[PDB]
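Take a look at the structure set out below.
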Amino acid sequence: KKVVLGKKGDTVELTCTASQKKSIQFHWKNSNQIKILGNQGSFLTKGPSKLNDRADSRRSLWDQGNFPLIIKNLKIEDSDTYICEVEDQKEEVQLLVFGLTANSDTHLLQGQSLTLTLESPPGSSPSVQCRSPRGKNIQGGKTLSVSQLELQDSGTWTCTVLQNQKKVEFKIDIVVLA
Amino acid sequence: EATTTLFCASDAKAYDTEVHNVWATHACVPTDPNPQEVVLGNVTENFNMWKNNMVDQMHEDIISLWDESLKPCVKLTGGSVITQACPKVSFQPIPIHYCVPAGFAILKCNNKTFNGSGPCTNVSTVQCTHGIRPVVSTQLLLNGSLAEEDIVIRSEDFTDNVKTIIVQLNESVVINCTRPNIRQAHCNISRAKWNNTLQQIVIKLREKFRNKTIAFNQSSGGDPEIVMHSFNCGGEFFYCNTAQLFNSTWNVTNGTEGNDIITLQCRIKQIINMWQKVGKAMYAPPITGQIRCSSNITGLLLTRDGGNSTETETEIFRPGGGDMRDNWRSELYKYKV
Amino acid sequence: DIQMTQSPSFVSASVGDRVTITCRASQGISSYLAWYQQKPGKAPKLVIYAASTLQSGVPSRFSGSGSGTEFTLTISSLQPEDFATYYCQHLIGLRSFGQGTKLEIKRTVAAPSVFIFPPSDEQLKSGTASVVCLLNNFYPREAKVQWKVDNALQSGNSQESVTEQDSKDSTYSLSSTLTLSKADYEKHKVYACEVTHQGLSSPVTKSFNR
Amino acid sequence: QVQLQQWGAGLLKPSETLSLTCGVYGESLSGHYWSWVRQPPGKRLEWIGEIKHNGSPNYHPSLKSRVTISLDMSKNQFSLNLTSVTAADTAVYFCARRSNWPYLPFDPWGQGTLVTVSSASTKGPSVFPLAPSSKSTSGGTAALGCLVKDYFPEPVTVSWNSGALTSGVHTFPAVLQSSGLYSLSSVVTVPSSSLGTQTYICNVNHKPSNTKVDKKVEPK
Ligand SMILES: *[C@@H]1O[C@H](CO)[C@@H](O)[C@H](O)[C@H]1NC(C)=O
Ligand SMILES: *[C@@H]1O[C@H](CO)[C@@H](O)[C@H](O)[C@H]1NC(C)=O
Ligand SMILES: *[C@@H]1O[C@H](CO)[C@@H](O)[C@H](O)[C@H]1NC(C)=O
Ligand SMILES: *[C@@H]1O[C@H](CO)[C@@H](O)[C@H](O)[C@H]1NC(C)=O
Ligand SMILES: *[C@@H]1O[C@H](CO)[C@@H](O)[C@H](O)[C@H]1NC(C)=O
Ligand SMILES: *[C@@H]1O[C@H](CO)[C@@H](O)[C@H](O)[C@H]1NC(C)=O
Ligand SMILES: *[C@@H]1O[C@H](CO)[C@@H](O)[C@H](O)[C@H]1NC(C)=O
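Protein chains in written order, with my numbering: chain A, 1 to 178; chain B, 1001 to 1337; chain C, 2001 to 2210; chain D, 3001 to 3220.
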């Protein structure tokens, strides 16, 4: 029951360390036992999954007893329980990807509002805490709204999403015209 | 059950300056004892091909061969680059008989229809194994041993889809790969015979999975040595697309290709992925001369998808392989030291 | 190709003494070695195979050991019959052997009896001159013979001939024939054959004037 | 017990063919290999090859294009061919049995057959005296002998005084000259005081050309 958080469009690495420092047989499978990625000696094999063209591993650590599951260009529908079957054993890890977009993408003015939306999977209720380039703090659940924006609010905002003790970071560029 | 360092036996020719004959002459003995195998009446013995220490020893022997044989130009192993001379040399696998030293013995299963794992109510005692060629390939086992009765499919766990299905054919299918003389190659497989071969494989798969529709597909992806039929033919590594071979549906027809015989798009790569350990290896450019090699598809390495949820409508199989140990278990499944 | 070198090539040991000959291989050969005993005018005899496995009938005094590259053939107590030439063989591969080790009897060093014989007048008629230098009854076998024509060292125009150990005093006998042409012989003067042996305090020279 | 005998032409000429046959007595050829091993004069042994009862031979790399080993399963005998022989083929060829794994050592062996390849023509020996002298009196021990030069082929028998004189006699092994002919010197040590009272005569015989010589060695 180890939780990992990822970002939409980013890359995540799921660790799978064996007991010995030797390249052996391993295989990654989701909740529905769908083959994702494994190996056959010294070759890499991919399963009939939707993550096929976006899954890979670091074969330079295989001999060191590590068989990671790298998933580039993460998607919301990639949220699922992934298991690594190595040495007749199973390591379980849950992957949650959220996301956070603002109310608009156009340049905003001073005194105008700024709403942030957290798109979360069914069954999760995290907590977002964003910070403006001047220090303005705001907290909430699904939606976060700032009554007015200052000239000093122009820059990069940092919002942290807390889920299952874990936390993923999001950066959003907000421009406030002078 | 026991485990000891076994020796080997071959009709190697010392006068032959080819890698297999050179190595075998330097590390094996012509043998053999005569005439038959001591049959043990009314004796049941359990076997386990998926844990035979014989394969491991052979695997290390096959590796030790390529080490002193095919010298790569570049070798990449764990952030390490190694360059050296890469002279071309004749490469033709030679049948090797792994024998047991003094004190021990080898139990052989005479049961023609043996899955490799379970009780065998017809064993025997042999001094050495049969003719086993060091065929390094993927998807299609070449130049192996045919089944004495019907075709036999084997798997350490049919339930687990992540396991390989070692298929043994009772009838050999000929494949002809030739490089005319660009540097491109192609293979030839009798469409008529290969059809019925798939038929046989299907009714066996359908039998092991109670009642489902068998449908073959191309490789799900991965490395060039896994996606395509990789094999050694004259010191050269071939990568032949077998999308035409594994593209049929069984359950009353679907997709039938024609053109008399099947032609597979192939090519020779210098930069290959090592099968021994994790790493790459670049070799010298293709030989200016012609390369003709006619092999024998006597076995298949398949991987099943299936699983997921909510009942089953059809099964799917794909050309697998990779672990060369599976190539040895297709010949050492009926042996036991 | 794997090379098989034995050492020493010439062993001197008295009867009853403990002897041990070695055989080094250029490459690893595990336990694919054999030993053979060969006497003059006779065929080799299998002594020990599988490196350390004694052949049926072979005395207990014979033993063997080693694995890989270094090997050893040891005889606890030597006997008058044990003295011969032993070979080591790579049982597989090219089945190459070694240069062999010749075991011989040891006795007290004795200074050679040097003699020299000018060519005969009858031989000079045919058109050839053969000057012979004789080293009679000497031990050990090792000895250097140098020819000198008018105080000039010769090379490539002489041959040596050594007899086997005498059945009694156990000594050797070497001859050296300096072959020259009638013209080459009749255009010089002094013909010496310098002899170097361990039994001599200093090299002895025997010469004559044509 | 088992014994391996060998027969065939030993004296050969260049470009000719070597044909030796090894007979087996006391054992059948079945279930066993049969190899040939030669040994150059003063050199290591060398495995030529071995044939199986199935008919599949196993020659040496550098000798495949000439060596041909067959089996006469009707008489329990095997032969050894060697086309286009040269001076480098001069050696003693042996024949031995090679059992099956793990038992590999060559056993038993044959008595061997001495083979010599030469183009020289049969010629009678020339006996030249090695007259003793005062500048050879080593401690009252004078040295004398005979020079058996230019003869072919081998061997040659040399005795002294019809065999009466045997003490101190040293007949050196034959040597090969550059002229294709052989040479030999037979010396003997005798008391210097018996040089003017005792007669010494060397006896040389060359049967290949029927040449007996009895020459007296007189001091000078
Ligand atoms: C192989 O199996 C086929 C199809 O099941 C069968 O017709 C044939 O008798 C079998 N034998 C061969 C020729 O080995
Ligand atoms: C392959 O070659 C064999 C000869 O070895 C020939 O009989 C057969 O027809 C060929 N098969 C194809 C599909 O071309
Ligand atoms: C394979 O089966 C299909 C359907 O019966 C057919 O189109 C094709 O010609 C068959 N193959 C043969 C003749 O080998
Ligand atoms: C195999 O892959 C092809 C190509 O993507 C697809 O059409 C087919 O449905 C897949 N499954 C089977 C059973 O062929
Ligand atoms: C299969 O055997 C044939 C005949 O021995 C040989 O020519 C061919 O190269 C072998 N195939 C492979 C892939 O080695
Ligand atoms: C290939 O298969 C044919 C038919 O069974 C057979 O005659 C031949 O010996 C096999 N082996 C090779 C190497 O072609
Ligand atoms: C063996 O070689 C010899 C020498 O050339 C020749 O006479 C003979 O015909 C060959 N065959 C047999 C059966 O000896």
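Note that beta-carbon positions come from the ideal geometry of N, C-alpha and C, so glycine has one too.
Candidates the options: which alpha carbon is nearest residue i's?
i, options, result
"residue 152 of chain A", "A/108, A/30, A/37 and A/132", "A/132"
"residue 1233 of chain B", "B/1041, B/1221 and B/1090", "B/1090"
"residue 2217 of chain C", "C/2205, C/2088 and C/2152", "Here chain C has residues from 2001 to 2210 only, and residue 2217 of chain C is not among them."
"residue 1292 of chain B", "B/1185, B/1133, B/1014 and B/1081", "B/1185"
"residue 1083 of chain B", "B/1275, B/1328 and B/1073", "B/1073"
"residue 2076 of chain C", "C/2107, C/2063 and C/2125", "C/2063"
"residue 3145 of chain D", "D/3210, D/3202, D/3155 and D/3061", "D/3202"
"residue 1021 of chain B", "B/1179, B/1093, B/1128 and B/1064", "B/1093"
"residue 1230 of chain B", "B/1275, B/1208 and B/1251", "B/1275"
"residue 3135 of chain D", "C/2151, C/2086, C/2206 and C/2194", "C/2206"
"residue 1122 of chain B", "B/1044, B/1301 and B/1030", "B/1044"
"residue 1295 of chain B", "B/1048, B/1142 and B/1015", "B/1142"
"residue 2113 of chain C", "C/2198, C/2186 and C/2010", "C/2198"
"residue 3113 of chain D", "D/3086, D/3183, D/3018 and D/3137", "D/3018"
With a threshold of 7 Å, establish whether the CB of residue i neighbours any heavy atom of ligand 4.
i, result
"residue 1241 of chain B", "no"
"residue 1217 of chain B", "yes"
"residue 1316 of chain B", "yes"
Could you check what DSSP says for residue i in three-state terms: helix, strand or coil?
i, result
"residue 3149 of chain D", "strand"
"residue 2074 of chain C", "strand"
"residue 1022 of chain B", "helix"
"residue 1320 of chain B", "coil"
"residue 9 of chain A", "coil"
"residue 2188 of chain C", "coil"
"residue 76 of chain A", "helix"
"residue 3163 of chain D", "helix"
"residue 1058 of chain B", "helix"
"residue 64 of chain A", "helix"
"residue 1327 of chain B", "helix"
"residue 2004 of chain C", "strand"
"residue 1049 of chain B", "helix"
"residue 1191 of chain B", "helix"
"residue 1133 of chain B", "coil"
"residue 3187 of chain D", "strand"
Between residue i and ligand 2, is there a pair consisting of the residue's CB and a ligand heavy atom that are separated by less than 7 Å?
i, result
"residue 1342 of chain B", "No answer is possible for residue 1342 of chain B: the residues shown for chain B start at 1001 and end at 1337."
Closer than 7 Å to a non-hydrogen atom of ligand 5 - does that hold for the CB of residue i?
i, result
"residue 1232 of chain B", "yes"
"residue 1266 of chain B", "no"
"residue 1143 of chain B", "yes"
"residue 1092 of chain B", "yes"
"residue 1135 of chain B", "yes"
Would you check whether ligand 1 has a heavy atom nearer than 7 Å to the C-beta of residue i?
i, result
"residue 53 of chain A", "no"
"residue 1168 of chain B", "no"
Between residue i and ligand 6, is the CB less than 7 Å from at least one heavy atom?
i, result
"residue 1172 of chain B", "yes"
Below 8 Å on the Cβ atoms is my contact criterion, and I expect residue i with residue j to pass it. Report the Cβ-Cβ distance as a whole number of Å.
i, j, result
"residue 1298 of chain B", "residue 1264 of chain B", "Between residue 1264 of chain B and residue 1298 of chain B the Cβ distance is about 18 Å, and since that is not below 8 Å, they are no contact."
"residue 1273 of chain B", "residue 1223 of chain B", "6 Å"
"residue 3067 of chain D", "residue 3091 of chain D", "That belief does not hold up - the Cβ atoms of residue 3067 of chain D and residue 3091 of chain D are roughly 13 Å apart, past 8 Å."
"residue 2179 of chain C", "residue 2209 of chain C", "The Cβ separation is near 20 Å, so there is no contact."
"residue 3177 of chain D", "residue 3185 of chain D", "About 13 Å separates the two Cβ atoms, so there is no contact after all."
**Report entry** Any residue whose CB is nearer than 5 Å to a heavy atom belonging to ligand 3, listed in chain order
**Finding:** B/1192, B/1195 and B/1256
**Report entry** Within 7 Å of ligand 7: residues by beta-carbon to any heavy atom
**Finding:** D/3017, D/3019, D/3068, D/3070, D/3079, D/3081 and D/3083
Query raised in the report: How would the residue list near ligand 2 read, in chain order, if you kept each one whose beta-carbon is closer than 6 Å to any heavy atom?
Result: B/1174, B/1176, B/1188, B/1189, B/1190, B/1261 and B/1294
Report task. With 8 Å as the C-beta to C-beta threshold (strictly closer), list the residues of the stretch 1060-1086 of chain B near chain E in chain order. Result -> Within the model displayed, chain E is absent; protein chains A, B, C and D are what it includes.
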